[PDB]
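Side-chain atoms are counted along with the backbone in the values below, which use heavy atoms only and exclude waters and symmetry mates. Sequential numbering from 1 along the given sequence is applied to the chain's residues.
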Amino acid sequence: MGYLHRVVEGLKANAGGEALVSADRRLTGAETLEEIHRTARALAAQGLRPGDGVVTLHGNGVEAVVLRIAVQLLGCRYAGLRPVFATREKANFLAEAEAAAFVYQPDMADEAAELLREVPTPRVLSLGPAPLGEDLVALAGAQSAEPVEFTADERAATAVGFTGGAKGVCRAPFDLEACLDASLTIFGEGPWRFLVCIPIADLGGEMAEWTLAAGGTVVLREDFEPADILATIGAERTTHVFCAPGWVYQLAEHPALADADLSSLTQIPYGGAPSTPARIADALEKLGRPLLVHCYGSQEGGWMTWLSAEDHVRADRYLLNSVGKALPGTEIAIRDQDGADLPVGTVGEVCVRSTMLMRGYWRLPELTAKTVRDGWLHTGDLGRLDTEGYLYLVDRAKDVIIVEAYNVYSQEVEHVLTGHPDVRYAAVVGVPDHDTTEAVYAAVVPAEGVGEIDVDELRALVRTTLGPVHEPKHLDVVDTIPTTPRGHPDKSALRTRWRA
Ligand SMILES: Nc1ncnc2c1ncn2[C@@H]1O[C@H](COP(=O)(O)CP(=O)(O)OP(=O)(O)O)[C@@H](O)[C@H]1O
């Protein structure tokens, strides 16, 4: 009965219990709810009204979550810059935003001034003592904690999340409550004790709101470092920590895992980037129980599928190369070049329809209309369904390797390679071929205790599984697979390195 209603009621149900725990500060539900009201009235006092854009620049402090909710409670449009983003990318976003306020962490006051010289914004605000603008925690300090009722259009965008090259995904309460609803399906009923070490600016902050909504406790960390995270799980008695798949491996392999206490976890949901099945298998063996839950989502589509914990260890199937089944209410069609629905089993673009679809891309109505067509999000992912409804991603459309007019799917070839015991990690990419236009390059990282990889054994296994053309013409053993700023392997830089 309204997205912020859901958040607030969650905080009212957790009034006396912890709600926001960072390493610096701890609020109850009642304390948390009080800061939100006072922050919201403070922002209102500064002139912000429904529809006004509030760009922010902060880490994952407590103050960041109160800010996100308070801005949205007013009905304003929260637009959170990740810290990780290059400063130029931030400016371009801040400029694109019809920004009515800019709210920054003191710690980051340098960057604030570079961006604000570059985009003069009114209502510069600081989350504590700071060189620039007024101090918002002070302003809230002197404000009443009287509840502020959400009264804006549930359908109008209250959040914008940035995705690089470089786009803001707008979200309204409507689609956010549906995202909330899906989270309860994935993560189970609340209350959760949820370890968020993802930016509050974007996905970490929605996950914060979901946790609170379901009446739970957000445990904030700035980022993922496996040793801190293992300590935090036991100390803060976490029920969930959302991981990039690499992070999952870092936990499961970390020497201090043996001394850590993980008994509090119900789940370790993971997603955001392609997993290595064999590695998820090892993580599963090393953790000792079905904790892992595979989540497939996008900022545009919200949650699309999840592979449950039980399906990770289902006796009669191997499903670790699946991102699982549709969430209740999510329809999935697999479509060809022209938008024809393909029969179950065939490869095509994953197109999803649900009430979780974004409101659309910020100030990009053309691109919106190319991406969402007749209420169907075209994901740019390629995959197939199976007769039990599991989704298998084989490639991003942009990564497909065209050899002699046949389609080689890079992600699908990696899984074959990584499935090999001698291979730990792999990246497949297309490079120029005189004869076949594009040939298949695979870089493979050897497992521990593997010496010389038999590159012919590996080509055979791909031929034998996918067929001849899927065979890597070029097969480098490497130390390391380069990575992009945002959890994802750097395919450009392998294309780039392979020429020279
Ligand atoms: N569990 C999973 N397994 C494989 N690919 C996944 C995945 N979850 C997400 N993806 C991939 O990553 C996409 C999700 O990206 P978005 O949420 O839109 C931006 P992002 O990956 O966070 O990058 P950004 O740094 O530009 O924000 C999907 O459309 C799909 O290609």
Side-chain angles (χ1 to χ4, degrees), residues 2-12 32-58 63-81 93-94 96-104 121-125 127 133-134 136-137 139-140 143-148 150-162 168-181 200-203 205-210 212-213 299 302 355-358 360-363 365 368:
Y3 178 58
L4 278 120
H5 167 265
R6 285 291 288 290
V7 166
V8 155
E9 288 332 297
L11 286 166
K12 280 172 164 203
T32 296
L33 189 40
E34 280 177 65
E35 308 255 56
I36 290 162
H37 293 316
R38 85 198 342 135
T39 303
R41 293 179 177 291
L43 295 166
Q46 279 280 305
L48 292 166
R49 295 287 169 282
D52 290 325
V54 182
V55 173
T56 85
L57 169 61
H58 48 57
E63 307 79 13
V65 185
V66 167
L67 175 71
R68 197 179 158 94
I69 296 148
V71 163
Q72 291 179 265
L73 184 56
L74 288 186
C76 299
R77 173 177 53 80
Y78 177 92
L81 301 173
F93 286 142
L94 170 58
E96 281 172 50
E98 284 133 44
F102 176 83
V103 189
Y104 71 99
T121 308
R123 307 171 180 104
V124 172
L125 288 169
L127 275 354
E134 296 178 60
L136 174 61
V137 316
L139 289 173
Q143 206 87 22
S144 98
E146 213 67 65
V148 177
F150 180 83
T151 53
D153 169 19
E154 190 72 359
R155 195 70 59 131
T158 61
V160 175
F162 292 113
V169 171
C170 298
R171 278 192 168 286
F174 175 72
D175 56 78
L176 279 168
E177 178 181 14
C179 282
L180 162 58
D181 289 340
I200 297 318
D202 41 284
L203 170 62
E206 278 148 350
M207 273 178 195
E209 304 153 355
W210 308 327
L212 295 174
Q299 293 209 199
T355 59
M356 286 179 259
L357 274 8
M358 54 170 181
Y361 290 126
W362 177 250
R363 296 269 174 290
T368 296

Heavy-atom pair of closest approach, residues [X] and [Y]:
| X | Y | answer |
| --- | --- | --- |
| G75 | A152 | CA-CB, 3.9 Å |
| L127 | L67 | CD2-CD2, 4.1 Å |
| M356 | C179 | CG-N, 3.7 Å |
| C76 | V54 | CB-CG2, 4.2 Å |
| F102 | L94 | CD1-CD1, 4.1 Å |
| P173 | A156 | CD-O, 3.3 Å |

Interatomic distance, [X] atom [atom1] to [Y] atom [atom2] [nearest 0.5 angstrom]:
| X | Y | atom1 | atom2 | answer |
| --- | --- | --- | --- | --- |
| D202 | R171 | CG | CZ | 12.0 Å |
| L4 | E177 | CG | CD | 10.0 Å |
| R41 | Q143 | CZ | CD | 7.5 Å |
| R155 | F174 | CZ | CZ | 4.5 Å |
| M358 | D175 | CE | CG | 10.0 Å |
| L176 | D181 | CG | CG | 11.0 Å |

Any side-chain heavy-atom pair of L43 and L125 under 4.5 Å: yes

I69 and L212, any side-chain heavy atoms less than 4.5 Å apart: yes

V103/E63 under side-chain contact (heavy atoms from CB on, under 4.5 Å): CA gap, chis, key distance, verdict: CA-CA 11 Å; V103 189; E63 307 79 13; over 6 Å; no

Intermediate values then yes/no, side-chain contact (heavy atoms from CB on, under 4.5 Å), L33 and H37: CA-CA 6 Å; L33 189 40; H37 293 316; 3.2 Å; yes

For the backbone of [Y] and the side chain of [X], can you confirm whether one donor and one acceptor N or O come within less than 3.5 Å of each other?
| X | Y | value |
| --- | --- | --- |
| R123 | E134 | no |
| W362 | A79 | no |
| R363 | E98 | no |

By salt bridge (charged side-chain N to carboxylate O under 4.0 Å, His left out) - contacts of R49 (at least two apart): none

Residue pairs involving residues 67-80 (criterion side-chain hydrogen bond (donor to acceptor under 3.5 Å, both in side chains); sequence neighbours excluded): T56-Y78, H58-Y78, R68-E209, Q72-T158

CA sep, side-chain torsions, deciding dist, call: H5, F150, side-chain contact (heavy atoms from CB on, under 4.5 Å): CA-CA 7 Å; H5 167 265; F150 180 83; over 6 Å; no

side-chain contact (heavy atoms from CB on, under 4.5 Å) partner of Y104, the single match among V55, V124, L136, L81: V124

